[PDB]
Structure formats: structure tokens, C-alpha cells
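The block underneath contains the structure these notes are about, expressed in C-alpha cells.
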Amino acid sequence: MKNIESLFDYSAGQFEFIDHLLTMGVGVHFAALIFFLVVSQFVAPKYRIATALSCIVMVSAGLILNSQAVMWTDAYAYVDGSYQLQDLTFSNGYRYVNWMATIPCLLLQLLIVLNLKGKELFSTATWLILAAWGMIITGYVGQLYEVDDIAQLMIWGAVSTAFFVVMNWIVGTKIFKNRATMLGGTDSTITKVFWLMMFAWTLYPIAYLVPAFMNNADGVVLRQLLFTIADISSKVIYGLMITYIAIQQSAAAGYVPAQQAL
Ligand SMILES: CCCCCCCC/C=C\CCCCCCCC(=O)OC[C@H](O)CO
Ligand SMILES: CCCCCCCC/C=C\CCCCCCCC(=O)OC[C@H](O)CO
Ligand SMILES: CCCCCCCC/C=C\CCCCCCCC(=O)OC[C@H](O)CO
Ligand SMILES: *C\C=C(C)/C=C/C=C(C)/C=C/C1=C(C)CCCC1(C)C
Ligand SMILES: CCCCCCCC/C=C\CCCCCCCC(=O)O
Ligand SMILES: CCCCCCCC/C=C\CCCCCCCC(=O)O
Ligand SMILES: [Cl-]
């Protein structure tokens, strides 16, 4: 009852559209999990953990979209021509707790294909995960108030975006200082991966703000549409490119399974 979803009745079309976005989301992630599984054999040992983390992200994200889709259909019932709330079982908080695990996985695979290792891998990962967790936690607290205190949503949103800015400055500094280490021509590819990250990750703040500029049932639909665009791009497309870089660098490094697959 702390999220705006609880404030509205939905038409069958709005409800069915939301249910379809979530179920379609589950399908995409599990279908890509198999891709990442099958291509791990074509990735050198040095980079294989990068594709394994993609598998982890797929299942983690797929289970939570699956969970949301079922919570969505348990929470509402078609009564008198509309879908009305029946039980307190749907909430976007589940997305936030899940980012605590999936965002580190997405960051760690980027550092691995950057060829960071040892001391600098450990320290860089620690500061990035610490900052990402401060982004998520302050964001989590803030969205508890999207119904009751929109001013406090904005202030937690401002504290969260400060970690977001610092976190991306670390990522960008590491990519642009290490892109000359990369092989197979992937110095060019990693930069686009960074701009794709910038685009897809920034959609989550927009969805976070929907309650402020569109607190209605159509805003609920839009927010889930934006999560779905962002999920597919920050997890699946991003994963495909990370796996591409991993196999190309494997091939340029003398890994024959990688050379034959390409
Ligand atoms: C009373 C209210 C309390 C407010 C508290 C202030 C808000 C904290 C925000 C930023 C601090 C973190 C910024 C400094 C951390 C930099 C990370 C770093 O040094 O690592 C970079 C390096 O590239 C890796 O190898
Ligand atoms: C509460 C509101 C806070 C206001 C927030 C507005 C300020 C954001 C500014 C820039 C975006 C951050 C960009 C971070 C990623 C790019 C930086 C980078 O890559 O730096 C390269 C390095 O300098 C070369 O080696
Ligand atoms: C609706 C189902 C969606 C499910 C999604 C299924 C995932 C595969 C999709 C596109 C692959 C084309 C992009 C190519 C990715 C490049 C990575 C690479 O290195 O290619 C591996 C090659 O196949 C080794 O022989
Ligand atoms: C599933 C993958 C990712 C990378 C999810 C990323 C989410 C964010 C970058 C969220 C950022 C937020 C900010 C910057 C401030 C408002 C609260 C948010 C947590 C949504
Ligand atoms: C304080 C909370 C965060 C704790 C630190 C988390 C960062 C973990 C550091 C990196 C772990 C990566 C290990 C993978 C090594 C790859 C093996 C290989 O080269 O094949
Ligand atoms: C997620 C990104 C956050 C961006 C920072 C937001 C900056 C704050 C913007 C202007 C604040 C205006 C004050 C509005 C008061 C709202 C309380 C009310 O409803 O009366
Ligand atoms: Cl997730």
C-alpha cells in the first residue's frame, strides 16, 4: 500500500498488458540463459566467469519477473468490469532487493573483460559494489514514500543519484584507461557497452519518478514498460555484447574453440 499500484483499478487491457510484459520478460531471460550456457564452452578460462555471471543474472531477473507476474495475478480480481485489489501481495520492492545481487554481477563481468585482475580487480569491485548498494538502499527507502511523501522520494532520489554519478565515474575512468589492453578489436566495442549502460541504467530513475509526473493507472503501465525496456537492455543486450567481447578476446588470445565458433 506504499506504492501507487495499490491506488487504482485497472481495465482488463491495462492489467493484461502488464501481465504480458512481465511474462514476456520471463521468456526472454530464460531463452537467453540457454544461449549463454551453450556459448560458455567457446570462452577461454580467463573470461568464462563473465558468461557464467550472465547466466546468474538471467535466472535472478527471470525469477523476480516470474514472481511479480504471479503476485500481479494474485493481488487483483476482475469484479464489475475492472481489476480491483483483493490482497496486499504486489510491490516493486522485490525489484530493489534483487538489484543488490544482479548489479554487482553486471559490474563484475565488465571488469573481467576489461582484463583487470588481482589487487585492482578486488579494490575496484569493492568500491563499485559499495556505491551501487548505496544507490539501491537509498532508492529503496525513497520509493517507500511515493504515495505518502513525494518530497522525501525526491530527497532519497537525490542521495541515490549521487552514488549513481560516482559509480559511473569509476566505471568510465576504468574503461577509458584500460581500453588499450583489450584484444581482437574490442577496444572499440567496450566504449559502446559503456554508452549502452549509460542509456539503459538511466531509465530506472525515470521509472522511479513516474509517481511524481504521472500518478495514475496509465503511469503504472508506463513504469512497467520502462522497467521492461531497461531490463532487456541492461541485462540481455548488455550480456550479449559482454559475451561477444569475451569470445573475441578469447579467440585473439589463442583459444581455439573461440576461433572456430567465430
Ligand atoms: C550526514 C550525511 C552523510 C553524507 C555522506 C556523504 C555522501 C557519500 C557520497 C559519496 C562518498 C564516496 C565518494 C568517495 C569514494 C571514492 C571511491 C574511490 O576512491 O575509488 C576510486 C578508484 O578509482 C577505485 O580504484
Ligand atoms: C543530486 C543531483 C546531483 C547532480 C548530478 C549532476 C552531475 C553529473 C555530471 C556528470 C555525469 C556523471 C558522468 C560519469 C561518467 C563519465 C565520467 C568519465 O568517464 O570520466 C572520464 C575520465 O575523466 C577520463 O579518464
Ligand atoms: C525470443 C527469444 C529471445 C532469446 C534470445 C536468444 C539469444 C540469441 C539471440 C541473438 C543472437 C545474435 C547476437 C549474437 C551475439 C554475439 C555473441 C557471439 O559471440 O556469438 C556467438 C556465436 O553464435 C558462436 O558461434
Ligand atoms: C537490472 C539492472 C540494473 C543496472 C538496475 C539499475 C538501477 C538503477 C541504476 C537505479 C537507479 C536509481 C537512482 C539513480 C535514483 C532513484 C532510485 C534508483 C535506484 C531507481
Ligand atoms: C564489501 C562488499 C563487496 C565485497 C567485494 C566483492 C568484490 C569481489 C571481487 C572479485 C571477485 C571476482 C573473482 C573472479 C576471478 C576470475 C577467475 C579467473 O580469472 O578465471
Ligand atoms: C531521481 C532523481 C531525483 C532528482 C532530484 C529532484 C530535485 C527536487 C526538485 C524540486 C523540488 C520541489 C519541491 C516540491 C515539494 C513536493 C512536496 C509537495 O507535494 O508539496
Ligand atoms: Cl534484477
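Just so we're on the same page: first chain in the C-alpha cells is A, next is B, and so on; residues restart at 1 for each chain, and ligands are numbered from 1 in the order they show up.
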Could you make a table, as a tab-separated table, of the residues of chain A that have an atom within 10 Å of an atom of ligand 6, each with its nearest atom pair and distance in Å to one decimal, counting only C-alpha atoms and all ligand atoms, in chain and number order?
```
residue	atom	partner	partner_atom_place_in_ligand_line	distance
A:139	CA	ligand 6	1 (C)	8.4
A:142	CA	ligand 6	1 (C)	9.4
A:148	CA	ligand 6	19 (O)	9.4
A:149	CA	ligand 6	17 (C)	7.0
A:150	CA	ligand 6	17 (C)	5.7
A:151	CA	ligand 6	16 (C)	4.3
A:152	CA	ligand 6	17 (C)	8.0
A:153	CA	ligand 6	1 (C)	8.0
A:154	CA	ligand 6	6 (C)	4.8
A:155	CA	ligand 6	5 (C)	6.5
A:156	CA	ligand 6	3 (C)	7.7
A:157	CA	ligand 6	1 (C)	4.1
A:158	CA	ligand 6	3 (C)	4.6
A:159	CA	ligand 6	3 (C)	8.1
A:160	CA	ligand 6	1 (C)	7.5
A:161	CA	ligand 6	2 (C)	6.2
A:162	CA	ligand 6	2 (C)	9.4
A:202	CA	ligand 6	1 (C)	9.6
A:204	CA	ligand 6	1 (C)	8.8
A:205	CA	ligand 6	1 (C)	5.0
A:206	CA	ligand 6	1 (C)	7.0
A:207	CA	ligand 6	1 (C)	8.9
A:208	CA	ligand 6	1 (C)	6.5
A:209	CA	ligand 6	1 (C)	6.1
A:210	CA	ligand 6	1 (C)	9.9
A:212	CA	ligand 6	19 (O)	8.6
```
Got time to write the residues from that selection, N, CA and C atoms, as a PDB file, in the first residue's frame?
```
ATOM      1  N   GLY A 139      17.595   4.384  -2.725  1.00  0.00           N
ATOM      2  CA  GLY A 139      16.459   4.293  -3.627  1.00  0.00           C
ATOM      3  C   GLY A 139      15.316   3.481  -3.044  1.00  0.00           C
ATOM      4  N   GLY A 142      13.503   5.474  -0.458  1.00  0.00           N
ATOM      5  CA  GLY A 142      12.767   6.575  -1.059  1.00  0.00           C
ATOM      6  C   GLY A 142      11.431   6.157  -1.647  1.00  0.00           C
ATOM      7  N   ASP A 148       3.009   8.565   0.106  1.00  0.00           N
ATOM      8  CA  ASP A 148       2.770   9.351   1.312  1.00  0.00           C
ATOM      9  C   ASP A 148       3.569  10.645   1.377  1.00  0.00           C
ATOM     10  N   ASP A 149       4.775  10.689   0.797  1.00  0.00           N
ATOM     11  CA  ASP A 149       5.648  11.855   0.962  1.00  0.00           C
ATOM     12  C   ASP A 149       6.512  11.971  -0.298  1.00  0.00           C
ATOM     13  N   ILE A 150       5.953  12.613  -1.328  1.00  0.00           N
ATOM     14  CA  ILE A 150       6.677  12.722  -2.591  1.00  0.00           C
ATOM     15  C   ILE A 150       7.933  13.567  -2.422  1.00  0.00           C
ATOM     16  N   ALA A 151       7.933  14.503  -1.471  1.00  0.00           N
ATOM     17  CA  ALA A 151       9.134  15.297  -1.238  1.00  0.00           C
ATOM     18  C   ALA A 151      10.280  14.435  -0.728  1.00  0.00           C
ATOM     19  N   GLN A 152       9.980  13.408   0.074  1.00  0.00           N
ATOM     20  CA  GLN A 152      11.041  12.543   0.573  1.00  0.00           C
ATOM     21  C   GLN A 152      11.507  11.552  -0.488  1.00  0.00           C
ATOM     22  N   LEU A 153      10.617  11.138  -1.394  1.00  0.00           N
ATOM     23  CA  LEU A 153      11.058  10.381  -2.562  1.00  0.00           C
ATOM     24  C   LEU A 153      12.133  11.144  -3.324  1.00  0.00           C
ATOM     25  N   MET A 154      11.941  12.454  -3.498  1.00  0.00           N
ATOM     26  CA  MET A 154      12.894  13.246  -4.268  1.00  0.00           C
ATOM     27  C   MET A 154      14.238  13.343  -3.558  1.00  0.00           C
ATOM     28  N   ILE A 155      14.225  13.441  -2.230  1.00  0.00           N
ATOM     29  CA  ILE A 155      15.469  13.654  -1.500  1.00  0.00           C
ATOM     30  C   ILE A 155      16.274  12.367  -1.416  1.00  0.00           C
ATOM     31  N   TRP A 156      15.617  11.243  -1.122  1.00  0.00           N
ATOM     32  CA  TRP A 156      16.297   9.960  -1.263  1.00  0.00           C
ATOM     33  C   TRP A 156      16.738   9.742  -2.702  1.00  0.00           C
ATOM     34  N   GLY A 157      15.910  10.162  -3.659  1.00  0.00           N
ATOM     35  CA  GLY A 157      16.307  10.088  -5.052  1.00  0.00           C
ATOM     36  C   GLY A 157      17.561  10.885  -5.347  1.00  0.00           C
ATOM     37  N   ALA A 158      17.741  12.017  -4.662  1.00  0.00           N
ATOM     38  CA  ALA A 158      18.923  12.845  -4.882  1.00  0.00           C
ATOM     39  C   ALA A 158      20.160  12.229  -4.243  1.00  0.00           C
ATOM     40  N   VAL A 159      20.007  11.628  -3.061  1.00  0.00           N
ATOM     41  CA  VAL A 159      21.132  10.947  -2.431  1.00  0.00           C
ATOM     42  C   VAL A 159      21.529   9.724  -3.247  1.00  0.00           C
ATOM     43  N   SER A 160      20.540   8.992  -3.770  1.00  0.00           N
ATOM     44  CA  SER A 160      20.829   7.804  -4.566  1.00  0.00           C
ATOM     45  C   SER A 160      21.553   8.164  -5.857  1.00  0.00           C
ATOM     46  N   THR A 161      21.107   9.226  -6.533  1.00  0.00           N
ATOM     47  CA  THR A 161      21.736   9.631  -7.784  1.00  0.00           C
ATOM     48  C   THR A 161      23.160  10.128  -7.577  1.00  0.00           C
ATOM     49  N   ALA A 162      23.521  10.513  -6.350  1.00  0.00           N
ATOM     50  CA  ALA A 162      24.901  10.902  -6.075  1.00  0.00           C
ATOM     51  C   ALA A 162      25.831   9.695  -6.127  1.00  0.00           C
ATOM     52  N   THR A 202      19.916   4.703 -16.907  1.00  0.00           N
ATOM     53  CA  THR A 202      19.247   5.963 -16.615  1.00  0.00           C
ATOM     54  C   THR A 202      17.730   5.850 -16.725  1.00  0.00           C
ATOM     55  N   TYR A 204      15.952   3.632 -15.237  1.00  0.00           N
ATOM     56  CA  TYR A 204      15.425   3.285 -13.922  1.00  0.00           C
ATOM     57  C   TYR A 204      15.097   4.515 -13.082  1.00  0.00           C
ATOM     58  N   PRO A 205      15.923   5.567 -13.044  1.00  0.00           N
ATOM     59  CA  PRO A 205      15.483   6.803 -12.375  1.00  0.00           C
ATOM     60  C   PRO A 205      14.191   7.370 -12.936  1.00  0.00           C
ATOM     61  N   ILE A 206      14.008   7.334 -14.257  1.00  0.00           N
ATOM     62  CA  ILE A 206      12.778   7.863 -14.843  1.00  0.00           C
ATOM     63  C   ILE A 206      11.575   7.091 -14.314  1.00  0.00           C
ATOM     64  N   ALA A 207      11.637   5.759 -14.385  1.00  0.00           N
ATOM     65  CA  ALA A 207      10.571   4.935 -13.824  1.00  0.00           C
ATOM     66  C   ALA A 207      10.355   5.250 -12.351  1.00  0.00           C
ATOM     67  N   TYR A 208      11.436   5.552 -11.631  1.00  0.00           N
ATOM     68  CA  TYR A 208      11.338   5.870 -10.212  1.00  0.00           C
ATOM     69  C   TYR A 208      10.507   7.125  -9.982  1.00  0.00           C
ATOM     70  N   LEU A 209      10.516   8.051 -10.942  1.00  0.00           N
ATOM     71  CA  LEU A 209       9.864   9.346 -10.811  1.00  0.00           C
ATOM     72  C   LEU A 209       8.434   9.371 -11.342  1.00  0.00           C
ATOM     73  N   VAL A 210       7.978   8.317 -12.016  1.00  0.00           N
ATOM     74  CA  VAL A 210       6.616   8.265 -12.556  1.00  0.00           C
ATOM     75  C   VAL A 210       5.608   8.761 -11.523  1.00  0.00           C
ATOM     76  N   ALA A 212       5.650  11.017  -9.534  1.00  0.00           N
ATOM     77  CA  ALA A 212       5.647  12.471  -9.413  1.00  0.00           C
ATOM     78  C   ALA A 212       5.025  13.170 -10.617  1.00  0.00           C
TER      79      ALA A 212
END
```
(request) Just the residues within 12 Å of residue A:240, please, counting only C-alpha atoms, with nothing from its chain fewer than 5 positions along; format it as a PyMOL selection string. (result) chain A and resi 29+32-33+35-37+39-40+50-51+53-55+58+106+109-110+189+193+196+232-235+245-247
(message) At a cut-off of 8 Å, using only C-alpha atoms, what residues contact residue A:227? Leave out same-chain residues fewer than 2 positions from it and give the result as a PyMOL selection string.
(response) chain A and resi 203-204+207+223-225+229-231
Using only C-alpha atoms and all ligand atoms, tabulate the residues of chain A lying at most 6 Å from any atom of ligand 1, each with its closest atom pair and that distance in Å to one decimal, by chain and increasing residue number, as a Markdown table.
```
| residue | atom | partner | partner_atom_place_in_ligand_line | distance |
| --- | --- | --- | --- | --- |
| A:123 | CA | ligand 1 | 25 (O) | 5.8 |
| A:124 | CA | ligand 1 | 25 (O) | 4.5 |
| A:127 | CA | ligand 1 | 17 (C) | 5.6 |
| A:170 | CA | ligand 1 | 23 (O) | 5.2 |
```
Which residues of stretch 155-226 of chain A sit at most 12 Å from stretch 114-120 of chain A, using only C-alpha atoms? Give each one's shortest atom pair and distance in Å (one decimal place), in chain and ascending residue order, as a tab-separated table.
```
residue	atom	partner	partner_atom	distance
A:171	CA	A:114	CA	10.5
A:172	CA	A:114	CA	11.6
A:173	CA	A:114	CA	11.8
A:174	CA	A:114	CA	8.3
A:175	CA	A:114	CA	7.0
A:176	CA	A:114	CA	10.0
A:177	CA	A:114	CA	9.9
A:178	CA	A:114	CA	6.7
A:179	CA	A:114	CA	7.1
A:180	CA	A:114	CA	9.5
A:181	CA	A:115	CA	7.1
A:182	CA	A:114	CA	6.7
A:183	CA	A:115	CA	9.9
A:186	CA	A:114	CA	9.5
A:187	CA	A:114	CA	9.1
A:189	CA	A:114	CA	11.1
A:190	CA	A:114	CA	8.2
A:191	CA	A:114	CA	11.0
A:193	CA	A:114	CA	11.5
A:194	CA	A:114	CA	11.7
```
Keeping only C-alpha atoms, write the selected residues to a file as an mmCIF file, in the first residue's frame.
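Wrote it out as selection28.cif, contents follow:
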```
data_model
loop_
_atom_site.group_PDB
_atom_site.id
_atom_site.type_symbol
_atom_site.label_atom_id
_atom_site.label_comp_id
_atom_site.auth_asym_id
_atom_site.auth_seq_id
_atom_site.Cartn_x
_atom_site.Cartn_y
_atom_site.Cartn_z
ATOM 1 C CA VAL A 171 33.302 2.676 -14.454
ATOM 2 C CA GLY A 172 34.106 5.272 -17.096
ATOM 3 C CA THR A 173 37.578 6.029 -15.766
ATOM 4 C CA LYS A 174 38.453 2.322 -15.752
ATOM 5 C CA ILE A 175 37.128 1.673 -19.266
ATOM 6 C CA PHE A 176 38.883 4.645 -20.861
ATOM 7 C CA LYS A 177 42.183 3.965 -19.073
ATOM 8 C CA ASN A 178 42.191 0.219 -19.880
ATOM 9 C CA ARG A 179 40.634 0.034 -23.358
ATOM 10 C CA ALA A 180 44.132 -0.259 -24.865
ATOM 11 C CA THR A 181 44.616 -3.581 -23.030
ATOM 12 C CA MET A 182 41.803 -5.266 -24.975
ATOM 13 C CA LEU A 183 42.278 -7.586 -27.950
ATOM 14 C CA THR A 186 37.281 -4.937 -28.621
ATOM 15 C CA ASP A 187 38.781 -1.604 -27.545
ATOM 16 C CA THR A 189 33.330 -2.401 -28.596
ATOM 17 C CA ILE A 190 33.747 -1.619 -24.885
ATOM 18 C CA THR A 191 33.005 2.077 -25.423
ATOM 19 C CA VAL A 193 28.928 -1.046 -23.987
ATOM 20 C CA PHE A 194 29.565 1.951 -21.732
#
```
Per residue of chain A within 8 Å of ligand 7, record the nearest atom pair and its distance in Å to one decimal, counting only C-alpha atoms and all ligand atoms, with rows in chain order and ascending residue number, as CSV.
```
residue,atom,partner,partner_atom_place_in_ligand_line,distance
A:57,CA,ligand 7,1 (Cl),6.9
A:60,CA,ligand 7,1 (Cl),6.1
A:61,CA,ligand 7,1 (Cl),4.2
A:62,CA,ligand 7,1 (Cl),7.9
A:64,CA,ligand 7,1 (Cl),7.0
A:95,CA,ligand 7,1 (Cl),6.1
A:96,CA,ligand 7,1 (Cl),7.7
A:98,CA,ligand 7,1 (Cl),4.9
A:99,CA,ligand 7,1 (Cl),4.8
A:101,CA,ligand 7,1 (Cl),7.4
A:102,CA,ligand 7,1 (Cl),5.1
A:103,CA,ligand 7,1 (Cl),7.3
A:231,CA,ligand 7,1 (Cl),7.7
```
Could you write out that same residue set with C-alpha atoms as a PDB file, in the first residue's frame?
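What follows is the written file out_34.pdb:
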```
ATOM      1  CA  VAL A  57      21.712 -12.536 -13.995  1.00  0.00           C
ATOM      2  CA  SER A  60      17.889 -13.992 -10.950  1.00  0.00           C
ATOM      3  CA  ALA A  61      15.996 -11.488 -13.098  1.00  0.00           C
ATOM      4  CA  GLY A  62      13.738 -14.176 -14.554  1.00  0.00           C
ATOM      5  CA  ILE A  64      11.734 -11.971  -9.921  1.00  0.00           C
ATOM      6  CA  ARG A  95      12.946  -5.452  -7.799  1.00  0.00           C
ATOM      7  CA  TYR A  96      15.106  -3.348  -5.474  1.00  0.00           C
ATOM      8  CA  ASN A  98      17.141  -8.146  -6.365  1.00  0.00           C
ATOM      9  CA  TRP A  99      19.380  -5.382  -7.744  1.00  0.00           C
ATOM     10  CA  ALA A 101      22.666  -9.110  -6.327  1.00  0.00           C
ATOM     11  CA  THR A 102      22.278  -8.515 -10.063  1.00  0.00           C
ATOM     12  CA  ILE A 103      24.017  -5.117 -10.315  1.00  0.00           C
ATOM     13  CA  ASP A 231      15.692  -4.844 -18.094  1.00  0.00           C
TER      14      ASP A 231
END
```
